[PDB]
Each structure stands twice: as structure tokens, then as C-alpha cells.
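Engineer: missing the sequence, but the structure's below:
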Ligand code: CLA
Ligand code: KC2
Ligand SMILES: CC1=C(C#C/C(C)=C/C=C/C(C)=C/C=C/C=C(C)/C=C/C=C(\C)C#CC2=C(C)C[C@@H](O)CC2(C)C)C(C)(C)C[C@H](O)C1
Ligand SMILES: CC1=C(C#C/C(C)=C/C=C/C(C)=C/C=C/C=C(C)/C=C/C=C(\C)C#CC2=C(C)C[C@@H](O)CC2(C)C)C(C)(C)C[C@H](O)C1
Ligand SMILES: CC1=C(C#C/C(C)=C/C=C/C(C)=C/C=C/C=C(C)/C=C/C=C(C)/C=C/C2=C(C)CCCC2(C)C)C(C)(C)C[C@H](O)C1
Ligand SMILES: CC1=CCCC(C)(C)[C@H]1/C=C/C(C)=C/C=C/C(C)=C/C=C/C=C(C)/C=C/C=C(C)/C=C/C1=C(C)CCCC1(C)C
Ligand SMILES: CC1=CCCC(C)(C)[C@H]1/C=C/C(C)=C/C=C/C(C)=C/C=C/C=C(C)/C=C/C=C(C)/C=C/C1=C(C)CCCC1(C)C
């Protein structure tokens, strides 16, 4: 895989796995606030996914915690993904540039 | 409203430990040292200057205040 | 590192970037009908028109003047056919004006090549519009955009 | 298909479509390869010959001609059968039996493509 | 023999080091100073051994000047925090005096000092393996005992005479 | 060219050396992803699905003491639910994750090419020393069959509410 004309890029999915875990394991930190229920961010997202799969065709109504939980979780996940790819490719084992 | 406990041995211990932790860390993390003497210490603490001491104690006070308030919030300190 | 001169030519009005010169980009562009190798200009036009006349029926079907009527789908197909004819006319006039009669062996940049391309595009577009019309008229999920499952 | 709804018990036609559609997507890849010239597969060759009737090339040719001829005949015949059934509500063997069929026409449910019989009565004669 | 046989051997580690089983699956020794890691391991093990003993013995004997909590672990919160901060300061004095002021990775092992060697006694390889194995076991056991006392809210020996489930 | 599909051409990525390689890849996921990564994923699925199918059948036959009291007669995914509250599934998840950390390291090695996919060196009884190729082919075959088997068991349970063997006993 070439990220550009002649520049190669590893595209390791283990980076994706590690970033996902790095954001999700902290997300387990529970909160008693109504949005999370009693649970953490990742667990609340799983619970909402199941709850709104039970009612499949109908979308989670505006004001449901699902949208806020989804947005926050994916914001953090994408941030961790960017940081993880930066670390693996610039600070990793085969980087050339001193970053 | 959160709980902020009154001064106690626990608060003093938290503050002292935060200051000591930040002093040691400042030994490891402060890149440039100023130009002057050093407080009278040998070994690892052989370039500890007064400005570095003051900076580490300032950060230690910030961290101690934060930890005290947060532990009172979660109820652990109080 | 990732952005470089185009074709190692620093003075051409282009830059080699991930969007412009990545492996995925090159594979996708080289496998699209406009660039795939071996296709005749007619087959390129066939595939492209098939793909385009399909999406055309929907906007007309679901937002046209007769969209709240019982003839919405037929009206939509008809309006797609009209637009396809107009665009085929555009293609034909562009071909006759731009390409002179010299023979470059059907390279899609020739009079004959562009004539074949426009003929194939017309046929494929009308066929794709008709296929979309059939599928919409026969499948409820497409007539309701999924609001049959509600 | 009327019984194969979301709140339905049977899935006959959907099962048939599922399996034949797997077969058909694989055959689509095969015919793409044949069309591009990358593959040496010949038209209609799926490698299905358990009894080895067409192993011999001359036998393969005679059998290919027989298959295409009978396929054309069946293509005509099945269309005839379907249209006879739409007109008279009769299967092939019945329609064969009754000749003045339009006298003994049997009832038949709607096709599922009702508009295609629009002109049968207004424009066309409706001898029934 | 290698602890994890489906993973590349750790090159930094060696048999000469006490308690070498080839167990660096995640490659900490490749990213950090191995002398630092060894010294930290020995110190953590020593503190954890003393901590297991200090979690078990208070259940039986309580000092006169102090009041015992439900568990020895809770006694930490019950006792004056002046005591805890003074323990911290005494440990700091001990660290400074032991390391002769050489408390930082860049200077800690200067003078060709074996990790964990404070000059208290001579170093024997078998005794060192004993020490490190006991320290690792005591680290894990301190984790277990501390969490048992934390959750159960009962002393360890009482909880071994009862064996209630740990639930939260 | 492909043995599995006589009329389709052999997949380019599949060399035919790998266990269970009969040139079955009509859609072309081999080109999309590294073949070693896909092989590791396939073997992981094989093993977890084998355990899941054997567990479904064995849970139908017998239930460990005390687990029946906690579960309250629930079966298959219902049992999962009942036990999530207890934290049993929590222990299973924690320890499987702990194993999967070293699995992640092993997959780093595999993608680097140092390790063969699915090779954890776990042969305590040495049953695979004699005929490794035959054992690997058996693993892949039984794993595919067990993936489809657990799929069938779970979906029959979703349909009827019965268990793998209970449905066979009565419909
Ligand atoms: C073990 C010690 C300890 C403990 C137990 C706690 C515990 C706590 N701290 Mg913390 N704290 C500590 C140490 C500790 N602290 C230390 C050492 C410091 C010094 C640095 C602080 C400084 C600190 C501050 C300054 C504050 C807390 C607060 C809190 C409490 C609420 C935080 C919360 O849930 O916000 C959750 C909040 C969010 C998830 C929302 C954050 C979004 C903000 C509003 C905007 C940020 C957006 C940013 C600009 C853009 C994003 C980045 C971009 C690059 C994408 C929480 C009980 C807060 C508090 O007391 O509130 C009542 C508080 O304000 N702490
Ligand atoms: C790490 C070990 C350690 C060392 C090396 C050490 C050295 C010295 C020195 C040497 C220069 C002096 C002069 C001194 C003096 C006092 N120590 Mg101290 N001390 C250590 C440990 C503890 C603990 C655990 C406690 C404690 C206490 C007191 C009290 C309080 C008396 C009171 O109750 O009024 C006084 C006056 C107790 C306390 O603060 O109780 C509220 C208490 O529990 N100390 N201590
Ligand atoms: C390939 C293969 C194998 C195979 C095989 C198989 C399974 C082969 C199957 C072959 C079949 C099923 C052939 C069927 C042909 C039917 C025709 C020509 C029908 C014509 C109907 C007409 C004209 C009509 C009509 C009519 C009309 C219009 C209206 C009606 O009212 C009246 C009427 C009926 C007259 C085997 C197993 C040997 C193994 C080998 O190794 C591989
Ligand atoms: C690693 C290793 C070792 C090992 C090991 C181990 C523990 C190996 C374990 C292997 C296992 C558990 C293999 C399980 C295979 C299960 C299959 C194929 C299930 C098929 C189900 C089907 C077809 C079905 C079905 C069904 C469906 C769909 C619907 C139902 O209504 C009906 C029905 C039930 C019929 C040991 C410890 C020996 C050491 C050694 O040194 C190496
Ligand atoms: C299942 C289903 C349905 C269905 C259906 C089906 C299966 C419908 C099938 C329809 C078919 C097979 C129609 C065939 C028509 C063939 C014709 C007109 C041939 C003319 C040949 C000629 C003129 C040959 C001439 C010949 C030539 C060329 C050359 C010289 C010789 C000569 C004899 C002259 C529906 C529609 C009811 C809908 C329902 O919801 C679902
Ligand atoms: C870029 C991106 C990001 C997020 C994901 C996402 C998937 C949305 C993706 C975008 C995807 C897009 C833009 C997909 C659009 C797909 C389109 C327009 C597909 C069109 C398909 C066309 C089809 C079948 C046409 C079928 C036509 C047929 C038989 C015609 C047959 C016929 C012909 C040609 C002539 C004679 C008559 C007859 C026989 C009927
Ligand atoms: C109460 C109090 C008072 C004053 C100080 C402070 C405020 C900090 C506070 C003190 C807090 C303390 C002492 C906290 C210490 C926590 C500890 C020691 C926690 C320990 C956790 C242990 C854990 C996870 C162990 C997990 C180990 C695992 C899986 C091992 C796995 C395995 C490995 C590695 C190899 C062999 C096979 C096996 C067994 C599968």
C-alpha cells in the first residue's frame, strides 16, 4: 500500500485495535449521571445499541442519551486513533523522522 | 454543592505528598536550568536551584489543591 | 514525505498527494469504466449510462411535481428519459465539435470513439432508468424508503 | 410470496432466491472473467458433469447442440404455458386436454403484475 | 526455557539476572533501562513483602497508641494521618541515605552497583532468586489480600474461616 | 482453476499451501486484507466457535451445580444474560482479554512474519508432533463446521426457544 506516489504505509490494524481499547477501557469508568445510567461510556453505548436494536426500524428519538453517548465516544475514539497512528508511525519501531 | 473538608492531617499529608512528588518530577522533567547557585544538596539534587524549587512547589500546590478538592468530591478524603 | 512532485516533475502544475496518487486512488480510477483497459468506448458508455440513469429516476420520482400522485413513478421515469435525451444531445454536439474526423482507432478521444461512447451512454442510461422504474414499482421498500417497516 | 411476509411462516421463494443468488453472483464473477478473456471458461461451462456424458469432445459438441436446441424449444414452450395459464386458469396438461378451452376456462388469481392485462378487455377481445 | 514460547525471546534479559524466566511479552526491557526495571522490581517486592506482613499481623496485635479499624487496610484511614506522612518522610530519609543521594536513573547505578544492592549483606545468586520470587508472590498476594480486606470488610484470617463471596 | 469452484479462476492471493486452502474466495477478501491476518482471524473464529458449539451441547446435557440456581433454568444467550449480573461473564471477559493481550503481541509477530498464524506453541500432550499437516487440516475443517454449527444452534434457539439437543428431541 502506497499512501502517495512512492511512499509506503503499513496500515496495521493492530494500531486500530490498540487505540480502540485505549479509549474504551477508560470509558468503562461509571457515572451515576442520568446520561450514562449508572454505567460507563462504552457500556452505555452498548446498552443503547441493544435497546434501540430491540426497536429496530424506529430511530432513537431526539433527546435520547444515544446520540450524545455516540458523539462523545466516537470523538474520543477518533482522537485516540489519530494519536495511536501518530505514535506507531512516527514514534514507532521503524520511523525515520525524529518527532 | 461539593464537600470541601476542613483542614486536617489528611489534607496536610495530601499537600505535602503532592509537593514532594512534584519536586522529584521537576527533577526529572525540567529541561533547562537557570544560571545561579543551587540549594545545598548533593547527588540527584545537586542542581536544584531556588527557582526550580519554587516552580515545583507551585505545581505541587496546584496538584494538592486539585487532589484535595476531588477527593472531597468523591468523598474519600472527607 | 507524503506530498511530492507529480511524476517527479517539480514544474508541472500538479502535486502528488495521498488523494491524488495513492494506491487506492490509482486502483479505483484505473478500474472505473472511463479508464479501465480493454473496454470499447461503447462499453464504457454502456456502464456509465446504466449507472447514471438509475439514480436519476429517484430525485424525479420523490420530489417532482407529480410526486404526491399515482403517476409519480411513471412521471419520474419520463422526466429521466427527457434529461437523458438532452444529455445525449450534449454529448453528440460535443463530439462533433471537439473531435475532428482523423482516425485514432477508437480511443474515446476520436470522432468514432465518442460517437460510440454517446450511443452506449444513451442506451445504458435509458436501460438503467427503466430498471430502476421496474424495481421501484415492484418493491415497496423503495417506494417508501423503508417507511413500510415502521 | 403472500405468505412470506414479515409476520409470515413460510420462506419458500426467499430461500430459493437466496441459494440461486449465491450461485448467480459466483456465476457473475465467472462470466466477467470469461468476458475479459482472463479465464478460459467457455459459455455455460460450470464444470458440472458427474456422469461424464460430455467428456469426449465430439460427444460434448453433440450434447451442446442438443442442449441448446431443447433449451430454445423449452423457452418457447414455457412462455406458451404461462400465457395459456393466464388466459384460461389451466396448467399445461389441462390446456392440452381442453381445446375449446375458452369454454371451460377455470378461475385464476391475479398475476401480481395486474397492469399487463389492462388492454385484454378494453382494447383486446376477452373471449372467456 | 521461555515463559511465552510463541513470542520472540527478550534479548535484553539474561540468566545472570535473578529470577530470569524470559518473561517480557510486552518488551518493557526494550523500552526502559533494565537496571531501573530490576531495581524497581526488587524494591516493589520488598515493600510488598513487608506489606503482606503488615496487613496480616495487625489483625492479631494492635499497638496501644492506635485504634484499629474493621480491617488492617482500613486502619490506615483510622490512624492519624500525621503517622502516614511521617512514614513517608522517614522512607524518604531512608532512600536518600541508602542511595547516598543517587536516586535518579542517570546516577542511581553509578559505581557499578548491582540493582537492589544496598550493601546490607553479601549477594548470593540462589538467595537472590529466592528474594525475587518471594517478592513477586508477595506483590500479587498483597494485591489479593488488600482487595479482600477492602471488599469483604473482614480480616484475612476471619475471611478464611468464613469464605464469604466478594461482591460489589 | 479453483478446485472448490471449477469454473472460477483460482484466487490470486491463495497459494494453496495453507491448511483448508481449496481456492474458495469468490468475493476476494484475500486481496483486501493480508492473508496471514485473515488466517489468524479464521483460526481464532474456528477455536471460539468450536468451544461455543461444544458448550451449547454440553450445557444441554448437563449443568454445573450452583450455576443452575443462578441461571434459573435459562439456556444459551439467556444464561449469558442471567450470569452477566452475577459477574461470571465478567470474569470470562477479563481473562479472555488478558489472554488476548499476548495474542495481540503474537499477531504483531505474525504480521512481521516471524510467527505462523494461529501458532501459540500450545501442544502440551504432543498430539500434533506426528502429522502436523493432518492435524491442522482437521482443526480448520472442524472449526468451519463448528462455526456453522453454532450459527445453526443459536438461530434454532432464536426460532423455537429450545436447545441444540432439545430441538432434535422434539420440534
Ligand atoms: C486523585 C485526585 C483527584 C480526584 C479524585 C479528582 C476528581 C475530580 N476533579 Mg480533579 N484534579 C486533580 C486531581 C483529582 N481530581 C488535580 C491534581 C488537578 C490539578 C490539575 C485537578 C484539577 C481539577 C479541576 C480544574 C477540576 C477538577 C474537577 C474534578 C471533579 C469533577 C471532574 C469531572 O467529572 O469533570 C467531567 C467534565 C467533563 C467530562 C467535561 C469537560 C469539558 C470542559 C468543560 C471543556 C473542555 C473542552 C476543551 C476546551 C476542548 C477539548 C479538547 C480538544 C483538543 C478536542 C472530580 C471529582 C472539576 C470540579 O471540581 O468540578 C466540580 C474541575 O473543574 N479537577
Ligand atoms: C518513619 C518513621 C518515623 C520516624 C523516623 C520518626 C521520627 C521522628 C522524630 C525524629 C527526628 C521526631 C522528633 C518525631 C516526633 C514525633 N513523631 Mg514520629 N517518626 C516516625 C513515625 C511516626 C509515626 C507513625 C507517628 C509519629 C508521631 C510523632 C509525634 C507525635 C506525638 C503526638 O501524638 O503528639 C512526634 C512528636 C505520631 C503522631 O504524629 O501522632 C499523631 C505517630 O503516630 N512518628 N518522630
Ligand atoms: C447436466 C447434467 C445432468 C442433467 C440434467 C438434467 C436435470 C437435465 C434436465 C433437462 C430438462 C428438464 C429438459 C427439459 C426440456 C423441456 C422442454 C424441451 C419442454 C418443451 C415444452 C414445450 C415445447 C411445450 C409446450 C406446451 C405448451 C406451449 C403449452 C402446453 O399447454 C402444451 C405443451 C406442453 C405442448 C445429468 C443428471 C444427466 C448429469 C450430467 O453429468 C450433468
Ligand atoms: C489444543 C490442544 C488440546 C485441545 C483441545 C480441545 C479442548 C479441543 C476441543 C475441540 C472442540 C470442542 C471441537 C468442537 C467441534 C464442534 C463441532 C464440529 C460442532 C459441530 C456442530 C454441528 C455440525 C451442529 C449442529 C447442529 C445444529 C447446527 C443445530 C442443532 O439444532 C442441531 C445440531 C446440534 C446437530 C489438548 C487439551 C487436547 C492438548 C493438545 O496438546 C492440543
Ligand atoms: C412467475 C410470475 C410470472 C411469470 C412468468 C413467466 C415465467 C413468464 C414467462 C414468459 C415467457 C417465457 C414468454 C415468452 C414469450 C415468447 C415469445 C413471444 C416467442 C416468440 C417466438 C417467435 C415469434 C419465434 C419465431 C420463429 C423465429 C424467431 C424464426 C423462424 C421460426 C419462427 C417460428 C418464425 C407472471 C408474469 C405471471 C407474474 C407473476 O407475478 C409471477
Ligand atoms: C462513496 C461512498 C461513501 C459511503 C458509502 C457509500 C456506499 C454511500 C459510497 C457511495 C456509493 C455510491 C455513490 C453508490 C451508487 C451506486 C449507483 C449509482 C449504482 C447504479 C447501479 C445501476 C444499475 C444496477 C443499473 C442497472 C441497469 C440495467 C440492468 C439495465 C439493463 C438494460 C440495458 C442497459 C439496456 C437495454 C434494456 C435493459 C436490458 C433493461
Ligand atoms: C489505602 C492507601 C493508603 C495510603 C497510600 C494510598 C493512598 C496510595 C493507599 C494505598 C493503596 C495501595 C497500597 C494500593 C495497591 C494496590 C495493589 C497492590 C493492587 C494489586 C493488583 C493486582 C493485580 C491486578 C494482579 C493481577 C495479576 C495477573 C492478572 C497475573 C497474571 C498471570 C501472570 C502475570 C503470570 C502467571 C499466570 C497469571 C497468574 C495468569
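Structural biologist: Structure's in. What do you need? Numbers count the residues shown, from 1 in each chain, chains lettered A, B, ... in the order given. Ligands and ions are numbered 1, 2, ... in the order given.

Engineer: helix or strand for residue 46, which one?
Structural biologist: By default, I'm working from chain A. Assessed by DSSP states H and E, residue A:46 sits inside helix A:41-54.

Engineer: just the helices from the chain, written as ranges.
Structural biologist: If you meant another chain, say so; for now it's chain A. With DSSP state H, the ranges of helices along chain A come out as A:13-27, A:41-54, A:65-90.

Engineer: wait, chain B was what I had in mind.
Structural biologist: Under DSSP H, chain B gives helices at B:9-29, B:50-74.

Engineer: how about the shortest one: buried residues?
Structural biologist: It refers to helix B:9-29. Buried positions in helix B:9-29, judged by neighbour count with 16 or more other C-beta atoms under 10 Å in any protein chain shown: B:10-11, B:13-15, B:17-20, B:22-24, B:26-27. (C-beta placed from N, C-alpha, C; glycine too.)

Engineer: close to ligand 2, is that helix?
Structural biologist: No: Helix B:9-29 lies apart from ligand 2 when judged by C-beta under 6 Å from any ligand atom; the minimum separation is 7.3 Å.

Engineer: give me the distance between the residue of chain A with the smallest separation from ligand 7 and chain F.
Structural biologist: Chain A approaches ligand 7 most closely through residue A:25 (13.5 Å), counting by C-beta to the nearest ligand atom. Taking C-beta to the nearest C-beta, to the nearest Å as the measure, residue A:25 falls 9 Å from chain F.

Engineer: now the spatially closest residue to that residue that is not a sequence neighbour: how far from residue F:88?
Structural biologist: Excluding the flanking residues, the one nearest residue A:25 by C-beta to C-beta, 6 or more residues apart in numbering or on different chains is residue A:42, at 7.9 Å. Plainly put, residue A:42 is 20 Å away from residue F:88 if you go by C-beta to C-beta, to the nearest Å.

Engineer: the two: who's more crowded?
Structural biologist: The neighbour comparison of residue A:42 against residue F:88 (other C-beta atoms under 10 Å in any protein chain shown) goes to residue A:42, with 20 against 16.

Engineer: tell me the buried residues in stretch F:146-164?
Structural biologist: F:146, F:147, F:149, F:150, F:153, F:154, F:156, F:157, F:162, F:163, F:164.

Engineer: er, stretch E:111-126 I mean
Structural biologist: Buried, per 16+ other C-beta under 10 Å, within stretch E:111-126: E:113, E:115, E:116.

Engineer: dump these into JSON lines; add secondary structure and distance to ligand 4 as well.
Structural biologist: Compiled in JSON lines, the buried residues of stretch E:111-126 are given as follows (DSSP: H, G, I helix; E, B strand; the rest coil; distance: C-beta to the nearest ligand atom, whole Å):
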{"residue": "E:113", "secondary structure": "coil", "distance to ligand 4": "46"}
{"residue": "E:115", "secondary structure": "coil", "distance to ligand 4": "38"}
{"residue": "E:116", "secondary structure": "coil", "distance to ligand 4": "39"}
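
Engineer: from those residues, which is closest to ligand 5?
Structural biologist: Distances from ligand 5 to those, taken by C-beta to the nearest ligand atom, are shortest for residue E:115, at 82.9 Å.

Engineer: which parts of chain D are helices?
Structural biologist: D:12-36, D:57-88, D:92-97.

Engineer: mind putting the ones you listed in TSV, mean neighbour count included?
Structural biologist: Formatted as TSV, those follow (neighbours: other C-beta atoms under 10 Å in any protein chain shown):
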stretch	mean neighbour count
helix D:12-36	13
helix D:57-88	12
helix D:92-97	13
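
Engineer: quick check, residue E:78 in contact with residue E:72.
Structural biologist: No: if you go by C-beta atoms under 8 Å, residue E:78 and residue E:72 don't touch, sitting 10.0 Å apart.
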